[PDB]
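Step one of this worksheet: look at the structure below.
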Amino acid sequence: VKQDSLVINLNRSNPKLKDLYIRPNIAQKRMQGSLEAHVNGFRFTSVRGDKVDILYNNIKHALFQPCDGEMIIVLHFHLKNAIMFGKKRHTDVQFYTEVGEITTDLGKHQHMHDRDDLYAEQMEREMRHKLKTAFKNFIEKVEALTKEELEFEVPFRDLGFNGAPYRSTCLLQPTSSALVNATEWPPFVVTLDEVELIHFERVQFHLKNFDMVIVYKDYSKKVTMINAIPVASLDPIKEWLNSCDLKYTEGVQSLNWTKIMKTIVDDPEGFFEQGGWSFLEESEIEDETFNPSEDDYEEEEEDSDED
Amino acid sequence: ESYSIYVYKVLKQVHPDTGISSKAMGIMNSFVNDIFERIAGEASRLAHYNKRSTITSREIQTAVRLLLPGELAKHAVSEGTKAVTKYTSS
Amino acid sequence: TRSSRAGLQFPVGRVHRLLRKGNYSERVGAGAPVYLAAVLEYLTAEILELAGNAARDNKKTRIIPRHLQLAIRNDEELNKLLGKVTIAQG
Amino acid sequence: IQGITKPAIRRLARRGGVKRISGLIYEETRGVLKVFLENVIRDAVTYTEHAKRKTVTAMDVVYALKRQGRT
Amino acid sequence: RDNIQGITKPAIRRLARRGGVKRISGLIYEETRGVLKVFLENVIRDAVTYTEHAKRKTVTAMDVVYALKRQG
Amino acid sequence: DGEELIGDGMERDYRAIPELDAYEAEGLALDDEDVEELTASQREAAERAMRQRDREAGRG
Amino acid sequence: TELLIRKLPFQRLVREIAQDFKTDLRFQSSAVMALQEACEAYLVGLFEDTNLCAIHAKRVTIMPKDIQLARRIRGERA
Amino acid sequence: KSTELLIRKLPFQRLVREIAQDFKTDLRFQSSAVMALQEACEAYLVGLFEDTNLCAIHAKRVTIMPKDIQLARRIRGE
């Protein structure tokens with residue numbers, strides 16, 4: 001798919017911020033660089049000179065995830081059309097900056113100076129402050145430059161949930177017009193206004209978690225199955241499901257979605273001719289009701305236990 | 001044995017128009033038996049913790065406050081205290 | 001008729017006799033059965049309230065096992081208390 | 001003798017949300033089933049033996065289950 | 001923040017040195033503090049109940065061990 | 001590499017077959033027979049000895 | 001009704017494993033149903049933990065290593 | 001009886017006061033009580049760290065991460 005050539009303005013100084021590791025890696029070695037905002041798109045550069053062109057209209061959702069509560073701050077971009085650079089074709093491209101954590105040194109050669117009480121958490125907090133202030137300035141400046149053509153989105157981390165949609169378990173965070181998790185690369189992105197209904201699978205007597213099915217308004221795309229969402233996130237998701245107000249239903253059986261979408265694609269008329277999405281909703285014979293005339297004859301047998 | 005009648009009476013107390021199926025009724029008997037045995041085992045252990053040869057209502061209050069979470073513990077010791085102040089009123 | 005003196009439907013005397021029948025301790029007190037029947041009636045009334053409300057939101061009169069499951073599921077203080085149980089069908 | 005139908009194990013996997021199993025899990029599942037069965041049946045048969053009779057009742061089963069924490 | 005946040009990092013790394021713990025990352029500190037507060041509240045509830053129903057205001061070690069063996 | 005459970009083939013394992021979805025009456029107590037459960041002392045003594053030999057772990 | 005493991009093979013295995021330890025038993029129908037249901041519930045719980053462990057290791061395939069890890073973290077080894 | 005130099009006593013007793021103010025104010029503890037508390041806390045933490053390292057090394061990684069912590073909690077039931 002074609003793209004648009006990026007243009008540079010030397011008349012005035014443009015936005016700039018360095019220390020962004022690109023993801024995914026262009027060469028197999030992980031790589032760091034800098035990022036600049038221009039008239040028609042973002043120009044990402046590095047010490048090798050990788051010219052990453054991210055067109056503004058090519059950004060569907062601008063994602064940002066901060067550095068308080070997570071060791072890495074992420075600026076994620078979802079493109080309308082995937083672009084090829086470094087002989088690799090990518091659709092989601094993020095740039096992340098770290099704060100600094102120890103990863104080893106647990107007594108095999110651990111120095112005594114952890115007991116020196118440096119109080120380095122204050123320096124860590126100031127570094128967090130500097131990063132978040134710089135990122136705030138960058139976001140406001142690019143809001144000014146874009147003429148409000150596109151808008152970034154920051155997730156609801158406080159009322160998020162734990163979910164395992166991919167091969168790896170993670171925590172999913174709703175946003176204003178998307179549900180995204182770019183922390184665990186490969187990043188997971190979905191847009192809220194594109195999903196017709198949500199079906200929950202494996203709801204029963206107390207289980208640790210459940211599966212959940214995301215069914216799109218189109219049908220040539222497979223439904224997205226997010227597994228491993230705890231019971232503690234069951235209704236809170238519903239508290240968010242009524243925010244953008246999208247329909248949700250539950251079920252116990254895991255469904256054959258391959259055949260569902262095949263039956264949808266081959267003959268679309270017959271599916272709505274039978275009611276549509278009407279598969280989301282004897283017993284006395286199978287379960288006797290208590291007879292309200294069976295009683296214990298024995299009474300006043302309490303006896304006396306004295307003072 | 002079967003404590004179905006008292007459960008039917010409290011059912012009439014809170015929602016009189018309701019009833020209950022016999023399977024759910026036996027499950028109710030099993031649940032009440034189990035929770036009674038748990039609190040009774042706790043009380044029999046406390047009959048040896050605090051060294052008293054007898055079991056007073058303080059021990060049952062302790063068992064309720066231990067086996068139950070925050071809200072239910074207080075909301076049950078309330079009913080316990082009301083009934084014991086009713087019995088102490090002759 | 002000490003159950004009328006206690007003020008609640010549960011058989012306080014029957015509770016006392018089944019407590020001393022289990023041979024848990026040497027002496028059994030005069031006030032423990034009253035408090036025990038009190039907390040038992042409170043919990044029975046609360047769970048019957050939950051089951052009746054679930055049956056009303058399900059548009060049925062009787063409460064079945066599924067109503068009890070859906071009632072304790074929408075209660076963190078019964079899931080964190082008696083979420084470790086086993087009942088499926090009969 | 002290890003008489004558990006394989007589709008029963010498949011249904012168990014489906015109720016747990018499992019997606020891709022290998023051709024080796026069946027023996028492990030049968031072994032763990034036997035592991036749990038031997039202990040619970042030992043508890044139940046001991047309860048029936050101290051009851052001074054030879055009948056196994058559901059009350060024995062629930063008493064055996066009570067020790068672990070499942071009622 | 002709270003009145004005070006909790007225990008220090010080298011204490012946690014010594015706890016780790018006592019386990020088979022290898023390759024500690026920089027996030028386990030806060031989660032350890034949170035789970036410590038959760039479990040401490042769960043046990044101190046029972047401890048203070050045991051001391052209050054032992055008709056005294058002094059919390060001895062015996063109440064502590066009673067709570068630990070009740071939780072199991 | 002492995003098997004599959006989502007897609008085709010799941011519904012075959014749920015097929016209702018009467019000779020397998022039923023029980024059998026071998027070594028089964030008649031419903032007409034009356035049976036009495038344990039007393040308190042019997043079950044307490046049984047479980048005390050059982051915990052003692054669980055620390056023992058004699059069989060094996 | 002669509003249910004889980006069929007009653008007859010489980011009851012036969014239970015009888016075999018029960019006659020391994022004691023002979024000449026009298027069973028109740030409710031007792032066998034309780035055994036089957038409790039085993040099924042515990043197995044679903046352990047299967048759920050096993051899927052969580054297999055998912056944690058970045059693998060879509062489940063293997064007995066996940067089973068043993070879940071069993072040991074529960075504390076069920078001896 | 002070897003659980004000593006892990007935890008400094010001063011933050012320990014400060015945290016005990018912070019948790020005691022919530023439920024019952026103005027209770028008193030003996031020193032033996034505090035030592036028993038510390039011993040039990042370090043025991044549970046070292047056991048959970050052992051389980052966490054088990055899960056982390058199970059992830060084909062040698063590094064311990066909060067996902068291993070939450071997985072161990074959720075199998076344990078915290």
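Identifiers in the structure tokens: chain A, B, ... in order shown; residue index from 1 per chain; ligand index from 1 in order shown.
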Can you tell me, as a list in words, what residues are no more than 9 Å from residue 48 of chain G when counting only C-alpha atoms, ignoring any on the same chain fewer than 3 positions away?
residues 207, 208, 209 and 228 of chain A; 13, 15, 16, 17 and 18 of chain D; 43, 44, 45, 51, 52 and 53 of chain G
Could you take the residues named above and write them with C-alpha atoms, as a tab-separated table (two decimals), in the first residue's frame?
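So the final result, stored in again05.tsv, reads:
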chain	number	residue	atom	x	y	z
A	207	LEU	CA	-14.32	-20.31	38.67
A	208	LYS	CA	-11.13	-18.25	38.70
A	209	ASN	CA	-11.90	-16.40	35.47
A	228	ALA	CA	-8.44	-15.33	31.46
D	13	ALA	CA	-10.63	-29.19	28.80
D	15	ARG	CA	-15.03	-26.33	30.43
D	16	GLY	CA	-11.66	-24.93	31.56
D	17	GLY	CA	-11.15	-22.91	28.37
D	18	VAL	CA	-8.22	-25.02	27.14
G	43	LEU	CA	-10.78	-31.02	37.99
G	44	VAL	CA	-12.23	-27.89	36.34
G	45	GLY	CA	-10.49	-25.72	38.93
G	51	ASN	CA	-4.36	-23.12	31.44
G	52	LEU	CA	-3.21	-20.04	33.36
G	53	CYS	CA	0.25	-21.56	33.80
Tell me as a VMD selection string which residues belonging to chain D come within 10 Å of chain B, counting only C-alpha atoms.
chain D and resid 59 62 to 63 66 71
Generate the output file for the selected residues, N, CA and C atoms, as a PDB file, in the first residue's frame.
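Generated output (again-v9.pdb):
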ATOM      1  N   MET D  59     -23.535 -38.859  52.940  1.00  0.00           N
ATOM      2  CA  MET D  59     -23.067 -38.152  54.125  1.00  0.00           C
ATOM      3  C   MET D  59     -21.608 -38.487  54.415  1.00  0.00           C
ATOM      4  N   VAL D  62     -19.616 -36.321  51.979  1.00  0.00           N
ATOM      5  CA  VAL D  62     -19.461 -34.913  52.338  1.00  0.00           C
ATOM      6  C   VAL D  62     -18.556 -34.763  53.557  1.00  0.00           C
ATOM      7  N   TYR D  63     -18.606 -35.711  54.499  1.00  0.00           N
ATOM      8  CA  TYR D  63     -17.683 -35.664  55.630  1.00  0.00           C
ATOM      9  C   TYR D  63     -16.238 -35.823  55.170  1.00  0.00           C
ATOM     10  N   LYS D  66     -15.157 -32.568  53.614  1.00  0.00           N
ATOM     11  CA  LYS D  66     -15.061 -31.413  54.504  1.00  0.00           C
ATOM     12  C   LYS D  66     -13.627 -31.135  54.952  1.00  0.00           C
ATOM     13  N   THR D  71     -17.215 -28.280  50.791  1.00  0.00           N
ATOM     14  CA  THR D  71     -18.337 -28.741  51.606  1.00  0.00           C
ATOM     15  C   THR D  71     -19.516 -29.233  50.771  1.00  0.00           C
TER      16      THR D  71
END
Pick out the residues sitting within 8 Å of segment 29-42 of chain C, and hand them over as number ranges by chain; count only C-alpha atoms, and ignore anything fewer than 6 positions along from it in its own chain.
A: 305-307; B: 10, 36, 54-61, 64, 76-77, 79-81, 83-84, 87; C: 6, 8-13, 15-16
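The list of residues with at least one atom within 9 Å of residue 51 of chain C, based on only C-alpha atoms and without residues fewer than 2 positions apart in the same chain, reads residues 46, 47, 48, 49, 53, 54, 55, 56, 63, 64, 67, 68, 69, 70, 71 and 72 of chain C.
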Just C-alpha atoms for this one: save the residues we selected as a PDB file, in the first residue's frame.
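And here is the file that came out, again-v5.pdb:
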ATOM      1  CA  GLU C  46     -30.321 -12.647  54.594  1.00  0.00           C
ATOM      2  CA  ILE C  47     -29.682 -15.505  52.166  1.00  0.00           C
ATOM      3  CA  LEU C  48     -33.433 -15.972  51.663  1.00  0.00           C
ATOM      4  CA  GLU C  49     -33.687 -12.242  50.912  1.00  0.00           C
ATOM      5  CA  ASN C  53     -34.557 -10.873  45.034  1.00  0.00           C
ATOM      6  CA  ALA C  54     -32.760 -13.053  42.478  1.00  0.00           C
ATOM      7  CA  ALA C  55     -36.017 -14.917  41.815  1.00  0.00           C
ATOM      8  CA  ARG C  56     -37.793 -11.573  41.343  1.00  0.00           C
ATOM      9  CA  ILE C  63     -35.879 -20.293  44.103  1.00  0.00           C
ATOM     10  CA  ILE C  64     -33.851 -23.020  42.367  1.00  0.00           C
ATOM     11  CA  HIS C  67     -30.935 -18.509  41.871  1.00  0.00           C
ATOM     12  CA  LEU C  68     -28.754 -19.273  44.905  1.00  0.00           C
ATOM     13  CA  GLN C  69     -25.656 -19.385  42.682  1.00  0.00           C
ATOM     14  CA  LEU C  70     -26.489 -16.027  41.073  1.00  0.00           C
ATOM     15  CA  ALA C  71     -27.263 -14.545  44.508  1.00  0.00           C
ATOM     16  CA  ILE C  72     -23.969 -15.526  46.142  1.00  0.00           C
TER      17      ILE C  72
END
Which parts of chain G does DSSP call helix (DSSP H, G or I) when run on the backbone here, written out as a PyMOL selection string?
chain G and resi 7-19+29-56+64-74
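If you count only C-alpha atoms and ignore residues fewer than 2 places along the chain from residue 3 of chain D, what sits within 10 Å of it is residues 1, 5, 6 and 30 of chain D; 8, 9, 10, 11, 12, 13, 14 and 16 of chain G.
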Identify every residue of chain E that has at least one atom within 12 Å of any atom of chain B, counting only C-alpha atoms, and report the result as a list in words.
residues 41, 42, 43, 44, 45, 46, 47, 48, 49, 50, 51, 52, 53, 54, 55, 62, 63, 65, 66, 67, 70 and 71 of chain E
Polymer residues at most 12 Å from residue 5 of chain H, only C-alpha atoms, same-chain spacing of 3 or more positions, as a PyMOL selection string:
(chain A and resi 115) or (chain E and resi 10-15+17-18) or (chain H and resi 2+8-9+38-39+42)
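Using only C-alpha atoms, the part of chain B that sits within 7 Å of chain A is made up of residues 5, 20, 21, 22 and 23 of chain B.
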Write out, as a CSV table (one decimal), in the first residue's frame, the residues just selected, with C-alpha atoms.
chain,number,residue,atom,x,y,z
B,5,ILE,CA,-40.0,-25.4,58.1
B,20,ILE,CA,-38.7,-23.2,46.9
B,21,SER,CA,-37.9,-26.4,44.9
B,22,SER,CA,-37.0,-29.5,46.8
B,23,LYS,CA,-33.5,-29.9,45.3
Please tabulate, as a tab-separated table, the residues of chain F that come within 9 Å of chain D, each with its closest pair of atoms and the distance in Å to one decimal, counting only C-alpha atoms and ordering rows by chain, then residue number upward.
residue	atom	partner	partner_atom	distance
F:1	CA	D:22	CA	6.9
F:2	CA	D:22	CA	4.2
F:3	CA	D:21	CA	5.2
F:4	CA	D:20	CA	5.0
F:5	CA	D:19	CA	5.3
F:6	CA	D:19	CA	6.2
F:10	CA	D:11	CA	8.0
F:12	CA	D:7	CA	8.4
F:13	CA	D:7	CA	5.1
F:14	CA	D:11	CA	7.5
F:28	CA	D:55	CA	8.5
F:29	CA	D:55	CA	6.8
F:35	CA	D:55	CA	7.1
F:36	CA	D:51	CA	7.8
F:37	CA	D:51	CA	6.2
F:38	CA	D:51	CA	4.6
F:39	CA	D:51	CA	7.3
F:42	CA	D:50	CA	5.8
F:43	CA	D:47	CA	6.5
F:45	CA	D:50	CA	8.6
F:46	CA	D:50	CA	6.6
F:47	CA	D:47	CA	8.4
F:50	CA	D:43	CA	8.5
Counting only C-alpha atoms, which residues of chain G fall within 9 Å of chain F, and what is the closest atom pair for each with its distance in Å at one decimal, ordered by chain and rising number, as JSON lines?
{"residue": "G:1", "atom": "CA", "partner": "F:16", "partner_atom": "CA", "distance": 8.2}
{"residue": "G:2", "atom": "CA", "partner": "F:14", "partner_atom": "CA", "distance": 6.3}
{"residue": "G:3", "atom": "CA", "partner": "F:14", "partner_atom": "CA", "distance": 7.3}
{"residue": "G:4", "atom": "CA", "partner": "F:14", "partner_atom": "CA", "distance": 7.8}
{"residue": "G:5", "atom": "CA", "partner": "F:21", "partner_atom": "CA", "distance": 8.4}
{"residue": "G:6", "atom": "CA", "partner": "F:21", "partner_atom": "CA", "distance": 4.9}
{"residue": "G:7", "atom": "CA", "partner": "F:21", "partner_atom": "CA", "distance": 5.4}
{"residue": "G:8", "atom": "CA", "partner": "F:23", "partner_atom": "CA", "distance": 5.1}
{"residue": "G:9", "atom": "CA", "partner": "F:20", "partner_atom": "CA", "distance": 7.6}
{"residue": "G:11", "atom": "CA", "partner": "F:23", "partner_atom": "CA", "distance": 7.2}
{"residue": "G:12", "atom": "CA", "partner": "F:24", "partner_atom": "CA", "distance": 8.7}
{"residue": "G:15", "atom": "CA", "partner": "F:27", "partner_atom": "CA", "distance": 8.4}
{"residue": "G:24", "atom": "CA", "partner": "F:27", "partner_atom": "CA", "distance": 7.3}
{"residue": "G:25", "atom": "CA", "partner": "F:27", "partner_atom": "CA", "distance": 5.8}
{"residue": "G:26", "atom": "CA", "partner": "F:29", "partner_atom": "CA", "distance": 5.0}
{"residue": "G:27", "atom": "CA", "partner": "F:28", "partner_atom": "CA", "distance": 4.1}
{"residue": "G:28", "atom": "CA", "partner": "F:29", "partner_atom": "CA", "distance": 5.4}
{"residue": "G:29", "atom": "CA", "partner": "F:28", "partner_atom": "CA", "distance": 7.1}
{"residue": "G:32", "atom": "CA", "partner": "F:23", "partner_atom": "CA", "distance": 8.9}
{"residue": "G:61", "atom": "CA", "partner": "F:2", "partner_atom": "CA", "distance": 6.9}
{"residue": "G:62", "atom": "CA", "partner": "F:2", "partner_atom": "CA", "distance": 8.7}
Under the rule of at most 7 Å, produce a per-residue listing of chain G near chain A: chain, number, name, the closest pair of atoms, and the distance in Å, as JSON lines, using only C-alpha atoms.
{"residue": "G:45", "atom": "CA", "partner": "A:207", "partner_atom": "CA", "distance": 6.6}
{"residue": "G:55", "atom": "CA", "partner": "A:168", "partner_atom": "CA", "distance": 5.3}
{"residue": "G:56", "atom": "CA", "partner": "A:168", "partner_atom": "CA", "distance": 5.7}
{"residue": "G:58", "atom": "CA", "partner": "A:168", "partner_atom": "CA", "distance": 5.0}
{"residue": "G:59", "atom": "CA", "partner": "A:167", "partner_atom": "CA", "distance": 5.9}
{"residue": "G:60", "atom": "CA", "partner": "A:167", "partner_atom": "CA", "distance": 5.6}
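Minimum distance to residue 9 of chain F across A:86, A:31, A:58, A:256 (counting only C-alpha atoms) occurs at A:256.
The interatomic distance for the pair atom CA of residue 95 of chain A and atom CA of residue 35 of chain A works out to 9.0 Å.
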Restrict the distance test to only C-alpha atoms, flag each residue of chain C within 7 Å of chain D, and return the flagged residues as a PyMOL selection string.
chain C and resi 84-86
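Restricting the calculation to only C-alpha atoms, the smallest distance between chain A and any of H:48, H:7, H:15, H:54 is found for H:7.
Contacts from chain C to chain G at a cut-off of 9 Å (only C-alpha atoms) map to residues 86, 87, 88, 89 and 90 of chain C.
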